[PDB]
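A.B. asks: Input model-v3.tsv, format and content: TSV, N, CA and C atoms.
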chain	number	residue	atom	x	y	z
I	1311	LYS	N	-15.19	-2.40	-1.30
I	1311	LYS	CA	-14.08	-1.82	-0.54
I	1311	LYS	C	-12.97	-2.87	-0.42
I	1312	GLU	N	-13.01	-3.89	-1.27
I	1312	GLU	CA	-12.15	-5.03	-1.06
I	1312	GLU	C	-11.60	-5.72	-2.29
I	1313	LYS	N	-11.89	-5.22	-3.48
I	1313	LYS	CA	-11.35	-5.90	-4.64
I	1313	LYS	C	-9.92	-5.43	-4.91
I	1314	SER	N	-9.07	-6.38	-5.30
I	1314	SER	CA	-7.67	-6.15	-5.59
I	1314	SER	C	-7.50	-5.60	-6.98
I	1315	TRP	N	-6.29	-5.15	-7.18
I	1315	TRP	CA	-5.74	-4.57	-8.39
I	1315	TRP	C	-6.21	-5.37	-9.57
I	1316	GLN	N	-6.08	-6.70	-9.42
I	1316	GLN	CA	-6.50	-7.65	-10.44
I	1316	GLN	C	-8.01	-7.74	-10.48
I	1317	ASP	N	-8.63	-7.79	-9.31
I	1317	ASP	CA	-10.08	-7.83	-9.24
I	1317	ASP	C	-10.65	-6.47	-9.55
I	1318	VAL	N	-10.31	-5.46	-8.74
I	1318	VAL	CA	-10.82	-4.14	-9.05
I	1318	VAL	C	-10.05	-3.57	-10.25
I	1319	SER	N	-10.78	-3.24	-11.29
I	1319	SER	CA	-10.22	-2.62	-12.46
I	1319	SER	C	-10.52	-1.15	-12.29
I	1320	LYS	N	-9.48	-0.35	-12.12
I	1320	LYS	CA	-9.63	1.09	-11.97
I	1320	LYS	C	-8.78	1.84	-13.00
I	1321	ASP	N	-8.42	1.21	-14.11
I	1321	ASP	CA	-7.57	1.79	-15.14
I	1321	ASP	C	-8.30	1.93	-16.47
I	1322	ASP	N	-8.63	3.17	-16.87
I	1322	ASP	CA	-9.00	3.51	-18.25
I	1322	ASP	C	-10.31	2.89	-18.78
I	1323	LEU	N	-10.74	1.79	-18.19
I	1323	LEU	CA	-12.03	1.17	-18.28
I	1323	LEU	C	-12.28	0.70	-16.87
I	1324	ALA	N	-11.91	1.60	-15.98
I	1324	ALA	CA	-11.97	1.43	-14.56
I	1324	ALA	C	-13.38	1.03	-14.20
I	1325	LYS	N	-13.61	-0.26	-13.93
I	1325	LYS	CA	-14.94	-0.69	-13.54
I	1325	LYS	C	-15.31	-0.01	-12.27
I	1326	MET	N	-14.31	0.32	-11.46
I	1326	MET	CA	-14.62	1.05	-10.25
I	1326	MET	C	-14.89	2.49	-10.54
I	1327	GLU	N	-14.25	3.05	-11.53
I	1327	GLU	CA	-14.60	4.41	-11.86
I	1327	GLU	C	-16.00	4.41	-12.42
I	1328	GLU	N	-16.42	3.28	-12.94
I	1328	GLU	CA	-17.78	3.18	-13.39
I	1328	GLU	C	-18.70	3.14	-12.18
I	1329	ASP	N	-18.32	2.39	-11.12
I	1329	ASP	CA	-19.03	2.36	-9.83
I	1329	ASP	C	-19.00	3.78	-9.26
I	1362	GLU	N	-13.83	12.04	-5.51
I	1362	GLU	CA	-12.41	12.29	-5.52
I	1362	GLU	C	-11.68	11.09	-6.06
I	1363	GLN	N	-12.19	9.92	-5.73
I	1363	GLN	CA	-11.64	8.64	-6.19
I	1363	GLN	C	-11.82	8.44	-7.67
I	1364	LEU	N	-12.94	8.91	-8.20
I	1364	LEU	CA	-13.23	8.75	-9.63
I	1364	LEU	C	-12.06	9.16	-10.51
I	1365	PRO	N	-11.60	10.42	-10.53
I	1365	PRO	CA	-10.46	10.78	-11.37
I	1365	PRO	C	-9.12	10.56	-10.71
I	1366	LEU	N	-9.09	10.05	-9.47
I	1366	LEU	CA	-7.90	9.92	-8.71
I	1366	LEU	C	-7.04	8.86	-9.33
I	1367	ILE	N	-7.63	7.69	-9.53
I	1367	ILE	CA	-6.92	6.46	-9.78
I	1367	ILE	C	-7.13	5.98	-11.21
I	1368	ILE	N	-7.79	6.79	-12.05
I	1368	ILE	CA	-7.91	6.46	-13.46
I	1368	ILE	C	-6.54	6.42	-14.13
I	1369	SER	N	-5.66	7.35	-13.77
I	1369	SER	CA	-4.29	7.40	-14.29
I	1369	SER	C	-3.27	6.84	-13.31
I	1370	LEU	N	-3.66	6.53	-12.07
I	1370	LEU	CA	-2.77	5.94	-11.08
I	1370	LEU	C	-2.74	4.41	-11.15
I	1371	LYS	N	-3.48	3.80	-12.08
I	1371	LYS	CA	-3.46	2.36	-12.28
I	1371	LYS	C	-2.79	1.94	-13.58
I	1372	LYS	N	-2.45	2.88	-14.46
I	1372	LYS	CA	-1.78	2.55	-15.71
I	1372	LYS	C	-0.42	1.91	-15.40
I	1373	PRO	N	0.24	1.31	-16.39
I	1373	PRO	CA	1.65	0.91	-16.19
I	1373	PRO	C	2.56	2.07	-15.80
I	1374	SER	N	2.11	3.31	-16.02
I	1374	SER	CA	2.74	4.53	-15.53
I	1374	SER	C	3.30	4.40	-14.12
I	1375	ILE	N	2.57	3.74	-13.23
I	1375	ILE	CA	3.01	3.56	-11.85
I	1375	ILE	C	3.84	2.29	-11.76
I	1376	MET	N	5.11	2.45	-11.41
I	1376	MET	CA	6.16	1.47	-11.23
I	1376	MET	C	6.63	1.58	-9.78
I	1377	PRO	N	7.03	0.46	-9.11
I	1377	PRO	CA	7.32	0.51	-7.67
I	1377	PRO	C	8.08	1.71	-7.09
I	1378	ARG	N	8.84	2.46	-7.90
I	1378	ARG	CA	9.34	3.74	-7.40
I	1378	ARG	C	8.22	4.77	-7.28
I	1379	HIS	N	7.22	4.73	-8.15
I	1379	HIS	CA	6.07	5.62	-7.97
I	1379	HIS	C	5.27	5.21	-6.75
I	1380	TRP	N	5.15	3.90	-6.53
I	1380	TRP	CA	4.60	3.41	-5.28
I	1380	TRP	C	5.36	3.98	-4.10
I	1381	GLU	N	6.69	3.97	-4.20
I	1381	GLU	CA	7.52	4.56	-3.17
I	1381	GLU	C	7.14	6.02	-2.95
I	1382	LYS	N	7.09	6.80	-4.03
I	1382	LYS	CA	6.75	8.21	-3.90
I	1382	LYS	C	5.38	8.41	-3.27
I	1383	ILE	N	4.42	7.53	-3.56
I	1383	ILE	CA	3.11	7.63	-2.90
I	1383	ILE	C	3.27	7.41	-1.41
I	1384	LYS	N	4.08	6.42	-1.02
I	1384	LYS	CA	4.19	6.13	0.41
I	1384	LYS	C	4.87	7.28	1.15
I	1385	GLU	N	5.92	7.88	0.56
I	1385	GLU	CA	6.61	8.95	1.29
I	1385	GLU	C	5.82	10.25	1.25
I	1386	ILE	N	5.46	10.73	0.06
I	1386	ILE	CA	4.91	12.09	-0.04
I	1386	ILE	C	3.54	12.15	0.63
I	1387	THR	N	2.74	11.08	0.52
I	1387	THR	CA	1.51	11.02	1.29
I	1387	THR	C	1.76	10.86	2.78
I	1388	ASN	N	2.97	10.45	3.17
I	1388	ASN	CA	3.28	10.14	4.57
I	1388	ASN	C	2.37	9.03	5.09
I	1389	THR	N	2.10	8.05	4.24
I	1389	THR	CA	1.24	6.92	4.56
I	1389	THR	C	2.10	5.68	4.74
I	1390	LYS	N	1.88	4.96	5.83
I	1390	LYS	CA	2.48	3.65	6.02
I	1390	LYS	C	1.66	2.54	5.38
I	1391	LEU	N	0.52	2.88	4.78
I	1391	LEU	CA	-0.24	1.89	4.02
I	1391	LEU	C	0.58	1.36	2.85
I	1392	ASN	N	1.28	2.24	2.15
I	1392	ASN	CA	2.16	1.86	1.05
I	1392	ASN	C	3.59	1.59	1.49
I	1393	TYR	N	3.93	1.85	2.76
I	1393	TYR	CA	5.22	1.45	3.33
I	1393	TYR	C	5.21	0.00	3.79
I	1394	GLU	N	4.06	-0.48	4.26
I	1394	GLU	CA	3.90	-1.90	4.53
I	1394	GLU	C	3.75	-2.70	3.24
I	1395	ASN	N	3.10	-2.11	2.22
I	1395	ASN	CA	2.75	-2.83	0.99
I	1395	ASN	C	2.74	-1.86	-0.18
I	1396	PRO	N	3.83	-1.76	-0.94
I	1396	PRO	CA	3.79	-0.99	-2.19
I	1396	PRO	C	3.28	-1.75	-3.41
I	1397	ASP	N	2.70	-2.95	-3.28
I	1397	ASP	CA	1.90	-3.46	-4.39
I	1397	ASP	C	0.74	-4.36	-3.94
I	1398	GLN	N	0.30	-4.27	-2.69
I	1398	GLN	CA	-0.62	-5.26	-2.11
I	1398	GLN	C	-1.59	-4.55	-1.17
I	1399	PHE	N	-2.74	-4.17	-1.69
I	1399	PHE	CA	-3.85	-3.74	-0.85
I	1399	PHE	C	-5.09	-3.62	-1.72
I	1400	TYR	N	-6.12	-3.00	-1.15
I	1400	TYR	CA	-7.42	-2.86	-1.73
I	1400	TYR	C	-7.88	-1.41	-1.72
I	1401	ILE	N	-8.77	-1.09	-2.66
I	1401	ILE	CA	-9.29	0.27	-2.90
I	1401	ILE	C	-9.70	0.97	-1.60
I	1402	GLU	N	-10.23	0.20	-0.64
I	1402	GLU	CA	-10.45	0.70	0.71
I	1402	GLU	C	-9.20	1.35	1.29
I	1403	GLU	N	-8.04	0.71	1.13
I	1403	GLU	CA	-6.84	1.22	1.77
I	1403	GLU	C	-6.35	2.51	1.11
I	1404	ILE	N	-6.50	2.65	-0.21
I	1404	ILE	CA	-6.07	3.91	-0.83
I	1404	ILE	C	-6.98	5.05	-0.39
I	1405	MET	N	-8.30	4.81	-0.23
I	1405	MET	CA	-9.07	5.89	0.40
I	1405	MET	C	-8.75	6.05	1.88
I	1406	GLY	N	-8.15	5.05	2.52
I	1406	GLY	CA	-7.77	5.20	3.91
I	1406	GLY	C	-6.89	6.42	4.13
I	1407	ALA	N	-5.93	6.62	3.25
I	1407	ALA	CA	-5.30	7.93	3.10
I	1407	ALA	C	-6.23	8.82	2.29
I	1408	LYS	N	-6.54	10.00	2.82
I	1408	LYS	CA	-7.62	10.80	2.26
I	1408	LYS	C	-7.28	11.26	0.86
I	1409	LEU	N	-8.14	10.90	-0.09
I	1409	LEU	CA	-7.84	11.10	-1.50
I	1409	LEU	C	-7.77	12.58	-1.85
I	1410	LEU	N	-8.72	13.38	-1.37
I	1410	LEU	CA	-8.71	14.80	-1.71
I	1410	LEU	C	-7.62	15.54	-0.95
I	1411	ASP	N	-7.42	15.18	0.33
I	1411	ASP	CA	-6.39	15.84	1.12
I	1411	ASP	C	-5.00	15.55	0.57
I	1412	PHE	N	-4.76	14.30	0.16
I	1412	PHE	CA	-3.47	13.87	-0.34
I	1412	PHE	C	-3.42	13.79	-1.87
I	1413	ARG	N	-4.40	14.40	-2.56
I	1413	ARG	CA	-4.30	14.49	-4.02
I	1413	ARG	C	-3.13	15.36	-4.43
I	1414	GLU	N	-2.64	16.28	-3.59
I	1414	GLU	CA	-1.43	17.00	-3.96
I	1414	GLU	C	-0.28	16.04	-4.21
I	1415	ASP	N	-0.02	15.17	-3.24
I	1415	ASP	CA	1.07	14.21	-3.34
I	1415	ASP	C	0.79	13.21	-4.45
I	1416	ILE	N	-0.40	12.61	-4.41
I	1416	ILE	CA	-0.76	11.61	-5.39
I	1416	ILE	C	-0.73	12.23	-6.78
I	1417	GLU	N	-1.12	13.50	-6.93
I	1417	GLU	CA	-1.14	14.18	-8.22
I	1417	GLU	C	0.26	14.35	-8.77
I	1418	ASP	N	1.16	14.91	-7.95
I	1418	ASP	CA	2.55	15.06	-8.37
I	1418	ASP	C	3.07	13.73	-8.90
I	1419	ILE	N	2.76	12.66	-8.17
I	1419	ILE	CA	3.15	11.33	-8.63
I	1419	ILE	C	2.38	10.91	-9.89
I	1420	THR	N	1.14	11.36	-10.06
I	1420	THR	CA	0.32	10.88	-11.16
I	1420	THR	C	0.78	11.44	-12.50
I	1421	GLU	N	0.79	12.77	-12.63
I	1421	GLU	CA	1.30	13.32	-13.88
I	1421	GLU	C	2.78	12.99	-14.04
I	1422	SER	N	3.53	12.93	-12.93
I	1422	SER	CA	4.89	12.42	-13.00
I	1422	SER	C	4.88	11.07	-13.69
I	1423	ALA	N	4.07	10.14	-13.18
I	1423	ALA	CA	4.09	8.76	-13.64
I	1423	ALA	C	3.70	8.65	-15.10
I	1424	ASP	N	2.71	9.42	-15.53
I	1424	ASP	CA	2.32	9.35	-16.94
I	1424	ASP	C	3.46	9.83	-17.84
I	1425	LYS	N	4.09	10.94	-17.47
I	1425	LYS	CA	5.27	11.36	-18.22
I	1425	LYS	C	6.41	10.35	-18.09
I	1426	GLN	N	6.49	9.64	-16.96
I	1426	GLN	CA	7.50	8.60	-16.82
I	1426	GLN	C	7.22	7.43	-17.74
I	1427	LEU	N	5.95	7.11	-17.95
I	1427	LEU	CA	5.62	6.09	-18.94
I	1427	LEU	C	6.09	6.53	-20.31
Go through the file and emit its structure as structure tokens.

C.D. replies:
Amino acid sequence: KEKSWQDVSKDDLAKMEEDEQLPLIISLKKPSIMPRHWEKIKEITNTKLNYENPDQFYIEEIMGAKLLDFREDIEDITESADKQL
């Protein structure tokens, strides 16, 4: 519940996906997500987790905002972000 972006690998060979979260962040860790997508996560989820830190937290904190409840917002940003890539 504590490895960082660099430590926790959750992208495409997501070691954490190997460990709702499973398909949540497989595409939310690609270069697809750029700090404006971070912004969109913070606003549309209505989470101050990403308002305090749009590039600095741990997998615990992203589940802190409920993944299934806020998959609507995160999803819009996710397929958005992949097409943005």

A.B. asks: What is the atom CA of residue 1327 of chain I-atom CA of residue 1420 of chain I distance in Å, reported with one decimal?

C.D. replies: 16.3 Å

A.B. asks: For the point (-8.5, -1.2, -3.7) in the file's frame, write as a PyMOL selection string all residues with an atom no more than 8 Å away, counting only N, CA and C atoms.

C.D. replies: chain I and resi 1311-1315+1318+1399-1405

A.B. asks: Could you please take those selected residues and save N, CA and C atoms as a JSON list (two decimals), in the coordinates of the input?

C.D. replies:
[["chain", "number", "residue", "atom", "x", "y", "z"],
["I", 1311, "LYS", "N", -15.19, -2.40, -1.30],
["I", 1311, "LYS", "CA", -14.08, -1.82, -0.54],
["I", 1311, "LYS", "C", -12.97, -2.87, -0.42],
["I", 1312, "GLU", "N", -13.01, -3.89, -1.27],
["I", 1312, "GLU", "CA", -12.15, -5.03, -1.06],
["I", 1312, "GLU", "C", -11.60, -5.72, -2.29],
["I", 1313, "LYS", "N", -11.89, -5.22, -3.48],
["I", 1313, "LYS", "CA", -11.35, -5.90, -4.64],
["I", 1313, "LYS", "C", -9.92, -5.43, -4.91],
["I", 1314, "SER", "N", -9.07, -6.38, -5.30],
["I", 1314, "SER", "CA", -7.67, -6.15, -5.59],
["I", 1314, "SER", "C", -7.50, -5.60, -6.98],
["I", 1315, "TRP", "N", -6.29, -5.15, -7.18],
["I", 1315, "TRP", "CA", -5.74, -4.57, -8.39],
["I", 1315, "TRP", "C", -6.21, -5.37, -9.57],
["I", 1318, "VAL", "N", -10.31, -5.46, -8.74],
["I", 1318, "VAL", "CA", -10.82, -4.14, -9.05],
["I", 1318, "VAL", "C", -10.05, -3.57, -10.25],
["I", 1399, "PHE", "N", -2.74, -4.17, -1.69],
["I", 1399, "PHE", "CA", -3.85, -3.74, -0.85],
["I", 1399, "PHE", "C", -5.09, -3.62, -1.72],
["I", 1400, "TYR", "N", -6.12, -3.00, -1.15],
["I", 1400, "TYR", "CA", -7.42, -2.86, -1.73],
["I", 1400, "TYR", "C", -7.88, -1.41, -1.72],
["I", 1401, "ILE", "N", -8.77, -1.09, -2.66],
["I", 1401, "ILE", "CA", -9.29, 0.27, -2.90],
["I", 1401, "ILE", "C", -9.70, 0.97, -1.60],
["I", 1402, "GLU", "N", -10.23, 0.20, -0.64],
["I", 1402, "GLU", "CA", -10.45, 0.70, 0.71],
["I", 1402, "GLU", "C", -9.20, 1.35, 1.29],
["I", 1403, "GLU", "N", -8.04, 0.71, 1.13],
["I", 1403, "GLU", "CA", -6.84, 1.22, 1.77],
["I", 1403, "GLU", "C", -6.35, 2.51, 1.11],
["I", 1404, "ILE", "N", -6.50, 2.65, -0.21],
["I", 1404, "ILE", "CA", -6.07, 3.91, -0.83],
["I", 1404, "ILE", "C", -6.98, 5.05, -0.39],
["I", 1405, "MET", "N", -8.30, 4.81, -0.23],
["I", 1405, "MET", "CA", -9.07, 5.89, 0.40],
["I", 1405, "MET", "C", -8.75, 6.05, 1.88]]

A.B. asks: List as a PyMOL selection string: which residues have an atom within 10 Å of (-2.0, 10.9, -16.1), counting only C-alpha atoms?

C.D. replies: chain I and resi 1365-1372+1374-1375+1417-1427

A.B. asks: With all atoms listed in the file as the atoms that count, which of I:1396, I:1325, I:1414, I:1391 lies nearest to residue 1379 of chain I?

C.D. replies: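 Between I:1396, I:1325, I:1414, I:1391, the residue approaching residue 1379 of chain I most closely is I:1396.
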
A.B. asks: So how far away is atom CA of residue 1390 of chain I from atom CA of residue 1378 of chain I, in Å?

C.D. replies: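 Distance reported for this atom pair: 15.1 Å.
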
A.B. asks: Find the axis-aligned box for segment 1312-1327 of chain I, covering all its listed atoms and adding 8 Å on each side, and write its centre and edge lengths in Å to one decimal as JSON.

C.D. replies:
{"center_x": -10.9, "center_y": -1.7, "center_z": -9.9, "size_x": 26.3, "size_y": 28.2, "size_z": 33.7}

A.B. asks: As a ChimeraX atom specification, please: every residue in chain I that a backbone DSSP assignment puts in helix (DSSP H, G or I).

C.D. replies: /I:1325-1328,1363-1366,1377-1386,1391-1394,1401-1406,1413-1426

A.B. asks: As an exercise, work out the distance from atom CA of residue 1364 of chain I to atom CA of residue 1382 of chain I in Å and give it to one decimal place.

C.D. replies: 20.8 Å
